[PDB]
Amino acid sequence: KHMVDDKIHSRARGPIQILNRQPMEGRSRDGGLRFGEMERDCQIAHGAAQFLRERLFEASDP
Amino acid sequence: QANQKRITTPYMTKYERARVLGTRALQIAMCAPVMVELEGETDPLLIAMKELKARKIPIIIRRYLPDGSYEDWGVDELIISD
Amino acid sequence: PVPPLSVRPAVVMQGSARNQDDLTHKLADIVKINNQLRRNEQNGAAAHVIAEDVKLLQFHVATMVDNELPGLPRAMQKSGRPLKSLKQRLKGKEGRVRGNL
Amino acid sequence: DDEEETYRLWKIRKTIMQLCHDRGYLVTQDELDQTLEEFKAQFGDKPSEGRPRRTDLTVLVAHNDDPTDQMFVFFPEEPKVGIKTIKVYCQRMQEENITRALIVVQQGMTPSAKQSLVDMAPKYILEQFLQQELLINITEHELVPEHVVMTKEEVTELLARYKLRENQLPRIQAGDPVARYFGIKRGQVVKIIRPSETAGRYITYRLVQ
RNA sequence: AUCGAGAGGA
């Protein structure tokens with residue numbers, strides 16, 4: 001039952017939550033992906049400070 | 001700190017190179033004068049790479065030592081590793 | 001300290017049911033019991049009655065701050081579900097810090 | 001019952017001589033490596049009967065820099081050291097003009113003696129050592145690198161060069177076994193030179209807190 | 001839309 005047509009999802013400035021102005025959840029609600037603690041961890045190891053700021057502040061909830 | 005002596009390495013770091021290229025690319029994309037002869041280039045990333053290879057980047061790196069002092073290095077004064 | 005409406009937003013239903021936040025419900029409980037305590041202490045009340053009122057106000061404020069107190073029961077909504085305290089909002093994963101910062 | 005006791009006493013004496021030598025004190029070569037036969041001929045063979053009595057194993061050792069600065073080595077008779085023994089030792093150092101001493105307890109220290117040791121530190125300083133930690137020389141273990149005390153001039157030079165405060169440095173507790181062996185104080189810094197598999201040799205600096 | 005639960009994929 002795993003048809004790719006039900007797994008593809010992309011987000012570009014869609015709806016945001018009400019408690020926090022962060023992107024919604026679930027492709028059904030046009031929500032973005034979660035840049036979690038391990039992702040920030042790997043970006044820290046990279047040293048991409050500007051990319052980390054863009055992901056966690058600029059592209060999430062300015 | 002006297003400019004006659006400096007303790008930091010004379011080689012540009014990868015992080016310094018990445019940030020200098022990004023900042024100069026943004027400046028170029030915001031209509032800044034170019035320090036190289038653009039043959040046919042029209043994209044800020046390769047324009048900044050050409051400027052870096054020409055050692056004509058108008059950016060000064062302020063290397064902050066842990067003690068609280070800083071040493072200012074020009075991009076043209078640093079060896080480019082890559 | 002009363003949080004603003006942003007911290008405790010009034011959600012909008014698919015129709016017109018303006019459900020209040022659990023923090024708003026706890027705040028309303030605190031205001032009503034505080035008014036009752038004020039009127040009781042201004043009028044004549046028994047020492048044990050005043051002590052019980054103080055205990056209830058203690059419970060309400062302490063459950064607003066943290067609703068996982070040992071021994072004491074959790075504060076229940078008028079539906080059958082435990083409330084969410086300000087400590088629970090930022091305690092662990094899915095909490096404020098680890099889940100939005 | 002007796003051979004074990006005399007072997008223990010000889011080993012403690014050897015360990016204390018090595019500790020004094022590592023602390024920068026006048027330790028002769030023969031007293032540095034004294035064999036069982038020499039120890040027997042010098043002190044005795046039957047510690048149970050009184051030869052050697054623990055009172056006779058006292059050591060007077062002087063610093064390399066100044067004979068006017070020297071420390072006493074004490075082996076108390078009683079198993080548990082009391083405030084009375086501490087007081088008589090303090091009186092002995094008063095009359096002999098001695099500012100440093102070592103107390104080699106058999107079992108442990110009385111709490112009042114420990115408190116007196118803590119409070120009386122400035123004028124007369126003296127340290128307490130269980131007998132068990134003295135049966136082996138800790139600095140000779142393979143896990144224990146070489147520790148060397150830094151003078152004040154060297155500490156100032158290091159700080160000046162690294163442009164950092166004493167705080168920034170890694171720490172070693174005053175109650176650390178090696179710190180107790182070297183008899184250092186809070187505020188002093190040690191130099192740890194250890195072999196490395198990535199650079200060959202590495203030097204790290206530890207400040208006592 | 002919120003909470004909770006269940007079933008699942010890597």
# chains A, B, ... in the order shown; residues from 1 in each chain; ligands from 1

$ residues_around --residues "residue 43 of chain D" --least-positions-apart "2" --cutoff "10 Å" --atoms "only C-alpha atoms (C1' of nucleotides)" --output "list in words"
residues 6, 10, 38, 39, 40, 41, 45, 46, 47, 51, 52, 53, 54, 56 and 57 of chain D

$ write_last_selection --atoms "N, CA and C atoms" --output "PDB file, in the first residue's frame"
ATOM      1  N   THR D   6      57.869  -6.189  60.158  1.00  0.00           N
ATOM      2  CA  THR D   6      59.138  -5.544  59.830  1.00  0.00           C
ATOM      3  C   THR D   6      59.244  -5.264  58.335  1.00  0.00           C
ATOM      4  N   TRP D  10      59.801  -1.532  56.822  1.00  0.00           N
ATOM      5  CA  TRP D  10      60.866  -1.253  55.864  1.00  0.00           C
ATOM      6  C   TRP D  10      60.312  -0.650  54.581  1.00  0.00           C
ATOM      7  N   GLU D  38      69.920  -4.502  55.488  1.00  0.00           N
ATOM      8  CA  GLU D  38      70.404  -3.249  56.058  1.00  0.00           C
ATOM      9  C   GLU D  38      69.406  -2.683  57.059  1.00  0.00           C
ATOM     10  N   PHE D  39      68.112  -2.760  56.739  1.00  0.00           N
ATOM     11  CA  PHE D  39      67.089  -2.302  57.671  1.00  0.00           C
ATOM     12  C   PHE D  39      67.134  -3.099  58.965  1.00  0.00           C
ATOM     13  N   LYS D  40      67.298  -4.418  58.864  1.00  0.00           N
ATOM     14  CA  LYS D  40      67.395  -5.246  60.060  1.00  0.00           C
ATOM     15  C   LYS D  40      68.603  -4.848  60.895  1.00  0.00           C
ATOM     16  N   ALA D  41      69.768  -4.730  60.256  1.00  0.00           N
ATOM     17  CA  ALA D  41      70.985  -4.395  60.987  1.00  0.00           C
ATOM     18  C   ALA D  41      70.928  -2.995  61.585  1.00  0.00           C
ATOM     19  N   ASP D  45      64.999  -6.695  64.183  1.00  0.00           N
ATOM     20  CA  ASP D  45      64.338  -7.776  63.469  1.00  0.00           C
ATOM     21  C   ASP D  45      62.972  -8.146  64.025  1.00  0.00           C
ATOM     22  N   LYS D  46      62.656  -7.771  65.266  1.00  0.00           N
ATOM     23  CA  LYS D  46      61.424  -8.177  65.939  1.00  0.00           C
ATOM     24  C   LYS D  46      60.682  -6.932  66.409  1.00  0.00           C
ATOM     25  N   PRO D  47      59.908  -6.295  65.527  1.00  0.00           N
ATOM     26  CA  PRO D  47      59.147  -5.108  65.948  1.00  0.00           C
ATOM     27  C   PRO D  47      58.168  -5.382  67.075  1.00  0.00           C
ATOM     28  N   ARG D  51      62.167  -3.988  69.190  1.00  0.00           N
ATOM     29  CA  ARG D  51      63.294  -3.658  68.316  1.00  0.00           C
ATOM     30  C   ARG D  51      62.945  -4.028  66.883  1.00  0.00           C
ATOM     31  N   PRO D  52      62.569  -3.062  66.041  1.00  0.00           N
ATOM     32  CA  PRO D  52      62.521  -1.621  66.301  1.00  0.00           C
ATOM     33  C   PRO D  52      61.181  -1.130  66.835  1.00  0.00           C
ATOM     34  N   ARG D  53      61.204  -0.321  67.889  1.00  0.00           N
ATOM     35  CA  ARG D  53      60.004   0.384  68.304  1.00  0.00           C
ATOM     36  C   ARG D  53      59.676   1.472  67.290  1.00  0.00           C
ATOM     37  N   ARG D  54      58.379   1.711  67.092  1.00  0.00           N
ATOM     38  CA  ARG D  54      57.950   2.676  66.087  1.00  0.00           C
ATOM     39  C   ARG D  54      58.460   4.082  66.370  1.00  0.00           C
ATOM     40  N   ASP D  56      61.460   4.895  67.114  1.00  0.00           N
ATOM     41  CA  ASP D  56      62.832   5.049  66.650  1.00  0.00           C
ATOM     42  C   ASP D  56      62.946   5.265  65.148  1.00  0.00           C
ATOM     43  N   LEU D  57      61.870   5.074  64.388  1.00  0.00           N
ATOM     44  CA  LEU D  57      61.915   5.243  62.943  1.00  0.00           C
ATOM     45  C   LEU D  57      61.748   6.694  62.503  1.00  0.00           C
TER      46      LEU D  57
END

$ interface_residues --of "chain E" --to "chain A" --cutoff "12 Å" --atoms "only C-alpha atoms (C1' of nucleotides)" --output "count of residues only"
4

$ interface_residues --of "chain B" --to "chain A" --cutoff "12 Å" --atoms "only C-alpha atoms" --output "MDAnalysis selection string"
chainID B and resid 13:16 18:19 22:23

$ residues_around --residues "segment 87-101 of chain C" --least-positions-apart "2" --cutoff "12 Å" --atoms "only C-alpha atoms (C1' of nucleotides)" --output "JSON, numbers by chain"
{"A": [17, 19, 20, 21, 22, 23, 34, 35, 36, 37, 38, 40, 52, 53, 55, 56, 57, 60, 61], "C": [7, 8, 22, 23, 62, 63, 64, 65, 66, 67, 68, 69, 82, 83, 84, 85]}

$ residues_around --residues "segment 161-171 of chain D" --least-positions-apart "6" --cutoff "7 Å" --atoms "only C-alpha atoms (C1' of nucleotides)" --output "PyMOL selection string"
(chain B and resi 67) or (chain D and resi 205-209)

$ select_by_dssp --residues "segment 51-81 of chain D" --states "strand (DSSP E)" --output "VMD selection string"
chain D and resid 59 to 62 70 to 74 80 to 81

$ write_last_selection --atoms "N, CA and C atoms" --output "PDB file, in the first residue's frame"
ATOM      1  N   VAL D  59      62.479  10.313  61.102  1.00  0.00           N
ATOM      2  CA  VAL D  59      63.372  10.744  60.034  1.00  0.00           C
ATOM      3  C   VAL D  59      63.480  12.261  60.066  1.00  0.00           C
ATOM      4  N   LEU D  60      64.713  12.761  60.101  1.00  0.00           N
ATOM      5  CA  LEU D  60      65.007  14.183  59.957  1.00  0.00           C
ATOM      6  C   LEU D  60      65.653  14.390  58.595  1.00  0.00           C
ATOM      7  N   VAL D  61      64.947  15.084  57.708  1.00  0.00           N
ATOM      8  CA  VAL D  61      65.391  15.291  56.338  1.00  0.00           C
ATOM      9  C   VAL D  61      65.308  16.778  56.020  1.00  0.00           C
ATOM     10  N   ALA D  62      66.335  17.297  55.353  1.00  0.00           N
ATOM     11  CA  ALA D  62      66.451  18.717  55.065  1.00  0.00           C
ATOM     12  C   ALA D  62      66.269  18.986  53.577  1.00  0.00           C
ATOM     13  N   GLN D  70      63.386  22.187  57.056  1.00  0.00           N
ATOM     14  CA  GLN D  70      63.395  20.733  57.046  1.00  0.00           C
ATOM     15  C   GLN D  70      62.107  20.221  57.676  1.00  0.00           C
ATOM     16  N   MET D  71      61.818  18.935  57.444  1.00  0.00           N
ATOM     17  CA  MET D  71      60.566  18.356  57.933  1.00  0.00           C
ATOM     18  C   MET D  71      60.770  17.057  58.706  1.00  0.00           C
ATOM     19  N   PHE D  72      59.866  16.770  59.651  1.00  0.00           N
ATOM     20  CA  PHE D  72      59.958  15.544  60.439  1.00  0.00           C
ATOM     21  C   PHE D  72      59.093  14.433  59.878  1.00  0.00           C
ATOM     22  N   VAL D  73      59.544  13.183  60.020  1.00  0.00           N
ATOM     23  CA  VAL D  73      58.729  12.048  59.591  1.00  0.00           C
ATOM     24  C   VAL D  73      58.375  11.286  60.837  1.00  0.00           C
ATOM     25  N   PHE D  74      57.079  11.072  61.081  1.00  0.00           N
ATOM     26  CA  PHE D  74      56.680  10.456  62.336  1.00  0.00           C
ATOM     27  C   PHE D  74      55.917   9.165  62.078  1.00  0.00           C
ATOM     28  N   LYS D  80      45.375   4.253  66.389  1.00  0.00           N
ATOM     29  CA  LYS D  80      44.597   5.420  65.999  1.00  0.00           C
ATOM     30  C   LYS D  80      45.190   6.660  66.654  1.00  0.00           C
ATOM     31  N   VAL D  81      45.508   7.659  65.840  1.00  0.00           N
ATOM     32  CA  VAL D  81      46.173   8.861  66.326  1.00  0.00           C
ATOM     33  C   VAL D  81      45.157   9.740  67.040  1.00  0.00           C
TER      34      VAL D  81
END

$ atom_distance --atom1 "atom CA of residue 73 of chain B" --atom2 "atom CA of residue 9 of chain B"
10.4 Å
